4 protein chains.
Amino acid sequence: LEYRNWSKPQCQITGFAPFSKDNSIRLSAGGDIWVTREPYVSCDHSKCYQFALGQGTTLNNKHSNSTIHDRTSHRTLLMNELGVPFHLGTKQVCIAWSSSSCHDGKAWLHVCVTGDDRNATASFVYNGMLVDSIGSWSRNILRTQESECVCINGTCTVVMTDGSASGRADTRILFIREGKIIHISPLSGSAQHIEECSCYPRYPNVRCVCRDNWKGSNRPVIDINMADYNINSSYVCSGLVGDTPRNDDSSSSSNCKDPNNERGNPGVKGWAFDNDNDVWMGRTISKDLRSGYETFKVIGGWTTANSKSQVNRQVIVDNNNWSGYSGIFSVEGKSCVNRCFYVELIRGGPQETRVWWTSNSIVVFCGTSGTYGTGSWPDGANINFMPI
Amino acid sequence: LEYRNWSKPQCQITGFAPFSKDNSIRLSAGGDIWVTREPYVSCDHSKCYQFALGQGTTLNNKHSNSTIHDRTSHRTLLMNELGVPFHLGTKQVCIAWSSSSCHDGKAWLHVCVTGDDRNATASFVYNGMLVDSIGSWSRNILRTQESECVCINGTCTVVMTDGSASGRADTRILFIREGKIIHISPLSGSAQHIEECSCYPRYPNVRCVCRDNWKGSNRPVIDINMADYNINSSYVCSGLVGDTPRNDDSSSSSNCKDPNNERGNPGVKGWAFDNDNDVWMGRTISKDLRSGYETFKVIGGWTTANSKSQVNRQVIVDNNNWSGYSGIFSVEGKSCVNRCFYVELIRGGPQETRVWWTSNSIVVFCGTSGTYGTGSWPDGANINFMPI
Amino acid sequence: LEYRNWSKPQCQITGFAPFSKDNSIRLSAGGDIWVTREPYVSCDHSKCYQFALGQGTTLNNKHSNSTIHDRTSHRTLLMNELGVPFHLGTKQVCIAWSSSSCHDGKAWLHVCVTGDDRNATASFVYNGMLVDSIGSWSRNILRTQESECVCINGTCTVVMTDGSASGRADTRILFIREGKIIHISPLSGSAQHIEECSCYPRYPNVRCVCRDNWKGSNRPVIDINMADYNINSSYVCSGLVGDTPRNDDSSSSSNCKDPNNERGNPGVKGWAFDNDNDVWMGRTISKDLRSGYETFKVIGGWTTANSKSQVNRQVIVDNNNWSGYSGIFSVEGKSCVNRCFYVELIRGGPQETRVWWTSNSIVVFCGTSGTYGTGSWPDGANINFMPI
Amino acid sequence: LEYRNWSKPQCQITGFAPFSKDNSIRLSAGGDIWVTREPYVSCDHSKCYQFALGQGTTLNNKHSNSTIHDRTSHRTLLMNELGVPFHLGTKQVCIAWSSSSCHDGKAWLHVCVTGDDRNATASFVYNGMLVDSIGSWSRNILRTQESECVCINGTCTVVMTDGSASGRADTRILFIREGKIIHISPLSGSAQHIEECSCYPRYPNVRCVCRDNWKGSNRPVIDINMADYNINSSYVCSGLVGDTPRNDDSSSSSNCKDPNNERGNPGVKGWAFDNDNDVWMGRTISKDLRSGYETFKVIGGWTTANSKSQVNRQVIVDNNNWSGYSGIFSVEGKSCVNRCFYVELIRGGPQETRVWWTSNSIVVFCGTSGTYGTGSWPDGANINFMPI
Ligand SMILES: *[C@@H]1O[C@H](CO)[C@@H](O[C@@H]2O[C@H](CO)[C@@H](O[C@@H]3O[C@H](CO[C@H]4O[C@H](CO)[C@@H](O)[C@H](O)[C@@H]4O)[C@@H](O)[C@H](O[C@H]4O[C@H](CO)[C@@H](O)[C@H](O)[C@@H]4O[C@H]4O[C@H](CO)[C@@H](O)[C@H](O)[C@@H]4O)[C@@H]3O)[C@H](O)[C@H]2NC(C)=O)[C@H](O)[C@H]1NC(C)=O
Ligand SMILES: *[C@@H]1O[C@H](CO)[C@@H](O[C@@H]2O[C@H](CO)[C@@H](O[C@@H]3O[C@H](CO[C@H]4O[C@H](CO)[C@@H](O)[C@H](O)[C@@H]4O)[C@@H](O)[C@H](O[C@H]4O[C@H](CO)[C@@H](O)[C@H](O)[C@@H]4O[C@H]4O[C@H](CO)[C@@H](O)[C@H](O)[C@@H]4O)[C@@H]3O)[C@H](O)[C@H]2NC(C)=O)[C@H](O)[C@H]1NC(C)=O
Ligand SMILES: *[C@@H]1O[C@H](CO)[C@@H](O[C@@H]2O[C@H](CO)[C@@H](O[C@@H]3O[C@H](CO[C@H]4O[C@H](CO)[C@@H](O)[C@H](O)[C@@H]4O)[C@@H](O)[C@H](O[C@H]4O[C@H](CO)[C@@H](O)[C@H](O)[C@@H]4O[C@H]4O[C@H](CO)[C@@H](O)[C@H](O)[C@@H]4O)[C@@H]3O)[C@H](O)[C@H]2NC(C)=O)[C@H](O)[C@H]1NC(C)=O
Ligand SMILES: *[C@@H]1O[C@H](CO)[C@@H](O[C@@H]2O[C@H](CO)[C@@H](O[C@@H]3O[C@H](CO[C@H]4O[C@H](CO)[C@@H](O)[C@H](O)[C@@H]4O)[C@@H](O)[C@H](O[C@H]4O[C@H](CO)[C@@H](O)[C@H](O)[C@@H]4O[C@H]4O[C@H](CO)[C@@H](O)[C@H](O)[C@@H]4O)[C@@H]3O)[C@H](O)[C@H]2NC(C)=O)[C@H](O)[C@H]1NC(C)=O
Ligand SMILES: *[C@@H]1O[C@H](CO)[C@@H](O[C@@H]2O[C@H](CO)[C@@H](O)[C@H](O)[C@H]2NC(C)=O)[C@H](O)[C@H]1NC(C)=O
Ligand SMILES: *[C@@H]1O[C@H](CO)[C@@H](O[C@@H]2O[C@H](CO)[C@@H](O)[C@H](O)[C@H]2NC(C)=O)[C@H](O)[C@H]1NC(C)=O
Ligand SMILES: *[C@@H]1O[C@H](CO)[C@@H](O[C@@H]2O[C@H](CO)[C@@H](O)[C@H](O)[C@H]2NC(C)=O)[C@H](O)[C@H]1NC(C)=O
Ligand SMILES: *[C@@H]1O[C@H](CO)[C@@H](O[C@@H]2O[C@H](CO)[C@@H](O)[C@H](O)[C@H]2NC(C)=O)[C@H](O)[C@H]1NC(C)=O
Ligand SMILES: *[C@@H]1O[C@H](CO)[C@@H](O)[C@H](O)[C@H]1NC(C)=O
Ligand SMILES: *[C@@H]1O[C@H](CO)[C@@H](O)[C@H](O)[C@H]1NC(C)=O
Ligand SMILES: *[C@@H]1O[C@H](CO)[C@@H](O)[C@H](O)[C@H]1NC(C)=O
Ligand SMILES: *[C@@H]1O[C@H](CO)[C@@H](O)[C@H](O)[C@H]1NC(C)=O
Ligand SMILES: [Ca+2]
Ligand SMILES: [Ca+2]
Ligand SMILES: [Ca+2]
Ligand SMILES: [Ca+2]
C-alpha cells in the first residue's frame, strides 16, 4: 500500500452528473434508520463512503426528540459505503459532535470532537487506533470541517476553529501523519472568520473554501502549503456569493480580500473550486433560507472581484425543497483528479415543525467532462407520513 | 486481474434448472424490504448479483403508494448478492430510473439514467467512480436495457433508446472502456423499434434480443460487432413470438426481417438466444397479460421464418400467477458459456388493486445440459396478507 | 487453494463440548427472523456455516401459517456464518425443499431439490454457478441428506433417495467434481431403506449413518469407497438404537445387518460414528417423540450386535424440551479430524398448536478430548410470548 | 501471519481520550437490539471488536424479562466490530455465561463457560474450531475474566476461578497455544480472592488487576510469568481503592499485600495499570453503588502503600448516571503499547425497576500522550421511553 499524492491535473468539467442518493428519510418511515445531520463523503481510492454525525437514536424512536441541541455526548460519527443508508448495522467509528475524515492511501484518519462546549477534546483515530488528542485552545467549541480532510504523501491536513461563532476566533491548521499531530499553523491572511471548511487537493498543496459566520456572505478561502506549513487566506472573488444568508445577486459583492459585510452572520457550510480564472460553486437557491441548491461556473469568478457572469447552471434541488450543508470531495480517475459534492437535505426542525426531530438525507453529484440534462433530486419524504 | 473475453463455446442446453428465488413480497409482510421493479442479474465471474430499480421506499411504509409513476428522482439502482433480498442494508449504487450493469473482469460498470423525461442524464460509473455522462439526444426519455450489459476484452456495450415508445425512435449502441464512452453507433438494419435489450456475449461479438413497442409482437434482434462497431438488426424468425401482447400461436407470424404488425404495441422486456438454427426463448403464458412464464426451444426458430415446432417446454410460473419482465445473463463455466434468465414477478398495481403499491420478487433459472422435472415458482405472497 | 483430503486420524473423543447456539425462536419474538426447518452445519476450513430450508417467510408475518406442507416452491436454502441467526440479510443460496452442502477446499457445493413431488429437479451449484441437474428417477420425491456432503481430493459424494417413504425405494450415491456428476452408484448391501444420511470423511473413504423409515428403528450405515465407487451398507450394531420411534432400551435390538422390525416407521434424521469397536451416537431421549437429546458411547456398539453397555452419556437437551433432526459434521484440526453435531430444536407444530407455524433453532456441540460437565441447552422460547 | 509479542514499551499517558460509544439502549427503543451485559473490547491488530454476553433475546421482546438470573443456557458471546451495535446480524461466537477472548496475531481465541452451576464446561475455540474443554474443578461456578485475555508469542493466558464468591476459592491461570491448554498454574501469592481479572501485556509477561469479592475493597494483582508459568499476587498499593463497595477516601486503605477488610464483599469488575511507581486506575464515583466513573493517576500508587495523592482526574460518566463493569484492553501503536478501557453502562434492574429487563451500553476511552478537556458520556436513554 502507498500514500496518495493526488498528483494529476484537475479534470476538465462541463458541469456535474448524478452520482448517489440515500433516501434516508423516506426509508425512516418504514425501517429503523439513524437520525443524523452534517453528512459528508470521502473515498478510499475509488471506494466511496458516506459519513454523518448520529444523534444516538433512530428516527422512529422517542429519543428522536429535539436534535436541535447540536452537541451531546450521544453523537457518534457513522460510516457506511456510499449509498448504504444508516441502518442499525452502521459502524459508529468515534464519539463526535464535529468531525472530519480522510484516507491517506494506506488507512483512514478520523478527527472526532466531543465533550463540554468550554473544554472539548479532539481524538485523532488512525487505522482504527487512537493516536493523538488535543484539548480546546480557546475554550469555546473546538470544532472542525464536517467534510473530508486531505492527505498528500502521508501528511493529512485539517482545519479547526475554537472561539466565537460571531466575532474573531482562533483557527488553526493541523498537519497529521499516521494519526500523530506533527505541526500546527495558525490561520494567516485576510480571511476574518473560518467555519466548516470544504478542502481539496491541489497538488502539491491543499485548498479550502469555508464559511464566514461573522461579517461575510462571500466565502473565505484557505491555501495550505504542504511543504512549509505556510497558510494564506482571502475570499472567493465572485460577486455571486456562496453563503446563506446573502444579498440578492444584483447587490451582492466580494473584493477577493475582505468579508463583504453583507448579511454576514450566520452562514451555511458550502464549497467552491477554481479552474484557472473561473470558479465552480454551489449554493442554496434561496438567499435567506437553506432551500434549493444550484451549481454554476462564474467566468472570472476566481480572479476578478465582483464577477457575475455565470454559465453552466444546474439545479440540484428545486427551491420548493429543503437543502442544508454541502461539501466537496475529490476522486482520482485514470488521468485527472475529479471534484464531486454532496448536499445535505435537512428535514424536520426548525422549518418543519410537525415532527420534533431533525434529520437529513443526501444527494451526491460528481464532475463530468461529458453532457447532461436537467432535474431535481430532493429528499422526497412526505412530512405527514413520518412518525413525529 | 484480467478482462473477460467470454471466448468459449455456448454450452449445450437441454433446458433450464432452478437457480435462485428471493421471496421479496412474502418477506415484505414481516420485514423492511425495498419496493422495486425492473430487476436483473449479473455476475462478477461466478459471483452473481441481483439488481433492481428501487422506489425510494420500503413496502410497509406510507411512501409505498403509487409506484406507477415510473420515473421519479427517488429511484436508485440496488445491488445485492443474488439471493439476498433487498433489506435496509442494500447498497444504492447510483441514481436511476433506467439502468444496465456489467462486470468487465476487473470492475463493475453501471449505466444509470435519471432526471427529467425531456432532458435526462445518463451517468457511467466504473469501479465506483463517475467516469462519463451523456445527455438526452432526442429529449424523450433517454433509457436503457434493464438487464446486463456485456464486455469483451475491456470494451463494454450497451443499447440505449431516446424518443417515442410507439413510433420511430433513436436507438444507439455505446462502446465503453473503463467507464469512458469511446464510440457510439446508431442502430442499423431492419429492426424498427428497440426497447429494453437482453444482450449476451457471442464471442467475439454481442447479440441482443429486445422489445419492439411499436409494430412488432415478434422480438427484434441486434448484432453488435465489437471489432468494427458495426450494427445490424432483424427479428427473431420464430412464428411463436415472444412479446406480450401477441396473437395466439395459430395466427402469430414473423418473417425474420420486419415487425409483424400483430398487436404491435406495447410489449414486455424479454429474451431469446440462438443455438445454430434453433432458438431458445421465454415468454409470458398469457398472450394478453403478464401472467405465467414458459420457456421452450423452437426447431428452426432462429433461421426459418414462421417455424412453430417447439420442444423442451418448461413452465417457470403457472398461468394463474403474475410474471413481468425477463432477461438474459451469461455465466462462463469451465468449458462453455452458459445462458441463464430471471423473471420479475410483479405484485400489486395495476392487476392487483387491493394494495396501492407495485413491487416484485424474482425467480432465476440457468441453462443445464443434464435432466430435470417440472414445477411452478411464483411469487407466493397472499395479497390479503400485505400492508396496503 | 487446494482440495481437502481429510487425511488425518479421527480425534480421540471423551465426549462433546458446547460450540454454538442461535436462539432463533426467542429472537423471532422481537425481530424479523426466517421461518426454517432441517438445519445443518458445514465448514469452509475452520470457518463454519449454518444452513437451513427457509419457508419463504419470517416468523412474525401472516405467511408463517402452515409450514407443515413440507415442500413448496417458496423454500430456499439459507446460509449464514455459524451463530448468525437467519435475519433479513441472509443469503438464499438456491431453491430447495431438500438439500446438502459441502466445501471441497476450493469452493462450495450445494445440492438443491425443488419442484413437483412426482417430477422434482436437483440443481448442483458449485462456486456460485449452476453446473449440473438431474430429474427424478422414481417420480416420488427425489430427496437428499439435509446435512453436509463430503469431498475428498476434489470429489464430493452425496446420498439421494427417490421413491416410497414406507417401502423399498431407489437410493443412489452421486460422485461430483466441480459441480459436475461424474458417477452414480446404486445403493448396495443390506440396508433396506435410506433417508437423510449424516455422512463423514473416513479417509480415503466416506461413511454415512442414515434413517430407515420403513422397517428399522436401528440406523442404516453406508460405506462409500471413493477410489472405485463401490457401495456397501448394513446397520449400526448397537442394541441401543438411534431412531425415533423405537422400543425401550430393555427390548430394542440390532443384528448389524437387517432392519430390526421394531417400530420401523417412521423415523428422525440422526447420526453416529465409529471409534474402533465402539460407537458414539445421539438420539432423542423420548422413544416415542422428538423430545430431548442425549449422546453416549456404546462399548462394542460398532462391531457387536445388540451391545448395550453405554458410557460417557451427556444430556444435550432435557426431555422436557423439543428436539428434532440431528446431524454430523467434521472439522479438521491440527493433528486430527474432529466430529461435531447439531440438533434442530423444533417449535410450533404439531406438538405446540398454540401458534400455526413451525420453525426451529439450533444447538451445536463438538468432540473434545478434554473434560466437561453437565447441562441442558433447549430452544428456550416461551410459546405464549410468540406471535401466532 | 505472525504471533503478537507486544514487545514495545508502554506508551506515556497523560490521561485518556474518547474512543467509542455504542448507544445500545437508546437504539433499543427503536430497533431490534440484543439484551446484553458483561461487555468488553479486544482488537485484532488495530481492528477492535466489541464483545458481550447476550441474554438470548432482543430488548423489545417479551423474553427480555428477568435477565437477573445471570447464568442461563440461552447466553452466547456476541462479537461485532467496535461501534457496531448488537443488531440481529450479530454473530454469537460460542455458548457462554462467562467469557474471555483474545487474538494471538494469527487467530481469535474464545474461552466460553456454560452449563450447570455445579458442573460447568469451558470450551476453548480457536480460529473458529473447538480445540479443548475443561470441566469444573470445584463444582461451584467455573468462571473467567469478562475481558480480554493476553497472548505473547503464540501463548495465551487466562485467569479462571471456581468456588465461593465470598470465601476462599480455587483460582488457576491457564496457558493455551492454538486453543490447546498446555499448562495450568494454581494462583500463588498474597491475593486472597480473585474474580473477573483485567489483564494486559507487560512484555515478556502479563499482569492482571482483578476483583476481590471476599475481604478486599482494594484490588488484587496477579503477575503471570510467561517463560516459567510462575504466578505471584498481591494488591494494588493505592489507598484510593478501586472496588465498589469501599470506604470513603479519607478512611480507605491498602497495604499492598492483603485484603484491606473494608467493605470487602461484594465488588465490581475493574482495572488499573502501573507506570513506574504510579498507578492509573478507574473506579465508580459512588463508593456504594455502580454509579459514575472516574479515572486518575495515584502518585506512588503502585509501590507505596496507602498513597492518596491523585492527579489527572477525568470524569468519564457523571455520578448521576449508571456505570457497571469496566476493563482494560491494550493496543500496540507504532512505537509503544497503549492502554484503553471500556465502561459498561447498565440500565434496568435492580436500580431502575420501571422495566423488568437489564441491559447495557458501552463507552470506551484510550490512553493519550496529548491533551484533552472534560465531559460526561453516559448511556443516555430515558428509561420512560423504553419498552418494559
Ligand atoms: C437540458 O439540460 C441542459 C443542461 O443542463 C440545459 O442547458 C443549460 O441551460 C442553462 C440555462 O439556460 C445554462 O446556464 C445558463 O447559462 C447562461 C449563460 O450562457 C449563455 O450566454 C453566454 C454569453 O454570456 C454564452 O457564453 C453562453 O455560451 C450562452 O449563450 C447564464 O446567463 C444563466 O444564468 C442566468 O440564468 C439562470 C436561469 O437560467 C439564473 O439562475 C442566473 O441567475 C442567471 O440569470 C441572471 O442573469 C441574467 C443575465 O445573464 C439575467 O437576465 C437574470 O434575470 C439574472 O439576473 C445560466 O448559467 C447552461 O449553460 C446550459 N448548459 C449547457 C451545457 O448547455 C438545457 O437548457 C436543457 N434543455 C431545455 C430544453 O431546457
Ligand atoms: C417431467 O418433467 C419432464 C421435463 O420437464 C417433462 O418432459 C417434458 O415434457 C414436455 C411436455 O410434453 C415436452 O415439451 C413438449 O415437446 C413437444 C414436442 O416433442 C415431441 O414431438 C417431437 C416431434 O416433433 C419429438 O421430436 C419429441 O422427441 C417429442 O416426441 C411439443 O409439441 C410441446 O409443445 C406443445 O405442447 C405444449 C404443452 O405440453 C404447448 O404449450 C405447446 O404450445 C405445444 O402445443 C401446441 O402444439 C401442438 C402441436 O405440436 C398442438 O397439438 C397443441 O394443441 C398446441 O397447438 C412441448 O414443447 C418436453 O420436451 C419434455 N422434456 C423432456 C426433456 O423430455 C415430463 O413430461 C414430466 N413428466 C410427467 C409425468 O409429466
Ligand atoms: C458432572 O459432569 C460429568 C460429565 O458430564 C458427569 O460424569 C458423567 O456421568 C455420567 C452419568 O453417571 C456417565 O455416564 C454413565 O456411564 C455409566 C457407565 O460408566 C460406569 O460403569 C462402567 C462399568 O460398566 C465403567 O467402565 C465406568 O468407568 C463407570 O464406572 C452408564 O451406565 C450410564 O448409563 C446409564 O445411566 C444413564 C443415566 O445416568 C441412563 O440414561 C442410561 O440409559 C444407563 O442406564 C441404563 O443402564 C443401567 C445399567 O448400566 C440401568 O441401571 C438403568 O436403569 C438403565 O437400564 C451413563 O452412560 C459419564 O460417563 C460421566 N462422564 C465422565 C467423563 O466421567 C458427572 O456425573 C457430573 N457430576 C455430577 C455431580 O453429577
Ligand atoms: C478542562 O479539562 C482539563 C483536562 O481534563 C482539566 O484539567 C484537569 O483538572 C483536574 C481537576 O482540577 C486535575 O485533576 C486533579 O489534580 C489535582 C492535583 O493536581 C494539583 O496538585 C499537585 C500538587 O500535589 C500538582 O502536582 C499539580 O500539578 C496540580 O497543581 C488533584 O488534587 C485532584 O483530585 C482532587 O480533586 C478531585 C476534584 O477535582 C477529587 O475528586 C479528588 O478526590 C481529589 O480531591 C480530594 O483531594 C483533595 C486534596 O488533594 C481534597 O482537598 C479534596 O477535598 C478531596 O479529599 C485531581 O486529580 C487534572 O490534573 C487536570 N488535568 C490536566 C491535564 O491539567 C481542566 O480543569 C478543565 N478546565 C476547566 C476550566 O475546568
Ligand atoms: C418533545 O420535546 C418538546 C420539549 O419537551 C415537547 O414539547 C412540549 O410538549 C409539552 C407536552 O405536550 C407542552 O406542554 C409544551 O408546551 C411543549 N414544549 C414546547 C417547547 O413546545 C414535545 O411535546 C415533545 N414531543 C414528543 C412527541 O414527545
Ligand atoms: C394512495 O394514492 C391514491 C392517490 O392519492 C389515493 O386514492 C385516493 O384516495 C382518496 C381518499 O381515500 C379518494 O377519495 C380518491 O378517490 C382516491 N383516488 C384514486 C385515484 O383512486 C389513495 O387513497 C392513497 N392510498 C393510501 C393508502 O393512502
Ligand atoms: C392458518 O391456517 C389454518 C388453515 O387455514 C386456519 O385454521 C382455520 O381457521 C378458521 C378460521 O378461524 C377455522 O374456521 C378453521 O376451523 C381452522 N382450520 C383448521 C384446519 O384448524 C387458521 O385459522 C389460520 N391461522 C391464522 C392465525 O391465520
Ligand atoms: C416479568 O417477571 C416477573 C416475574 O414473573 C413478573 O412480576 C410479577 O408480575 C405478576 C403479574 O403482574 C405479579 O402478580 C407479581 O407480584 C410480580 N412478581 C414480582 C416478583 O414482582 C412481571 O410481571 C413480568 N413482567 C412482564 C412485563 O411480563
Ligand atoms: C514523500 O515523502 C517522502 C518521505 O519523507 C520523501 O522522501 C519524498 O521525497 C516525498 N515525495 C514527494 C513526491 O514529494
Ligand atoms: C485485447 O485488447 C488488447 C489491448 O488493446 C489487444 O492488444 C489484444 O489484441 C486484444 N485481445 C483479443 C483477444 O482480441
Ligand atoms: C488426487 O487426485 C489427483 C488428480 O486426479 C491424483 O493424481 C492424485 O493421485 C490424488 N491424490 C491422492 C492423495 O489420492
Ligand atoms: C517464540 O517462540 C518460538 C517457538 O517456540 C521460540 O523458538 C522463540 O524463541 C520465541 N520468541 C521469543 C521472542 O521469545
Ligand atoms: Ca456568513
Ligand atoms: Ca410489441
Ligand atoms: Ca425408522
Ligand atoms: Ca470487594
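Letters A, B, ... mirror the listed sequences (proteins, then strands); counts begin at 1.
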Identify whether the distance between the nearest side-chain nitrogen and carboxylate oxygen of A/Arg37 and A/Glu146 falls below 4.0 Å. no
Could you check which of D/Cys43, D/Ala17, D/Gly370, D/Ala29 has the highest count of heavy-atom pairs closer than 4.5 Å to chain A? D/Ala29
Pick whichever of A/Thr58, A/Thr76, A/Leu88 has the most heavy-atom pairs under 4.5 Å with chain D. A/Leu88
A/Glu196 bridged to A/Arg143 by N-O distance under 4.0 Å: no
Heavy-atom pair count under 4.5 Å with chain A, highest-scoring of D/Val84, D/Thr90, D/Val363, D/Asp379: D/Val84
Part of D/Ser361 within contact of chain A (heavy atom distance under 4.5 Å): neither
Proximity of D/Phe329 and D/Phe341 rings by center, below 6.0 Å: no
Testing the 3.5 Å rule here: is there a donor-acceptor pair between the side chains of A/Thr114 and D/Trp377? yes
With a 4.5 angstrom heavy-atom cut-off, could you sort out which part of A/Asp132 is near chain D: side chain, backbone, both or neither? both
Highest number of heavy-atom pairs under 4.5 Å with chain D among A/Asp116, A/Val131, A/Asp32 belongs to A/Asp116
Given a strict heavy-atom distance threshold of 4.5 Å, which part of A/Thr57 is in contact with chain D: side chain, backbone, both, or neither? both
Do we get A/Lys106 above A/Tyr3's six-membered ring, with its NZ or CZ under 6.0 Å from the centre and within 45° of the axis? yes
Given ring-ring contact (aromatic ring centres under 6.0 Å, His included), test D/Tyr325 with D/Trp271 step by step and report yes or no. CA-CA 9 Å; D/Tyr325 281 17; D/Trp271 59 275; over 10 Å; no
D/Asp22 versus chain A, heavy atoms under 4.5 Å apart: side chain, backbone, both or neither? both
Indicate, with yes or no, whether the SG-to-SG separation of D/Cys149 and D/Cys199 is under 2.5 Å. no
D/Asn338, part contacting chain A, at a heavy-atom distance under 4.5 Å: side chain
Between A/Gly115, A/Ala122, A/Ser123, A/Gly56, which shows the greatest number of heavy-atom pairs under 4.5 Å with chain D? A/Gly56
If you count heavy-atom pairs within less than 4.5 Å of chain D, which of A/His63, A/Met129, A/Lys62 leads? A/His63
Closest contact, heavy atoms only, D/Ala381 versus D/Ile25: CB-CG2, 3.6 Å
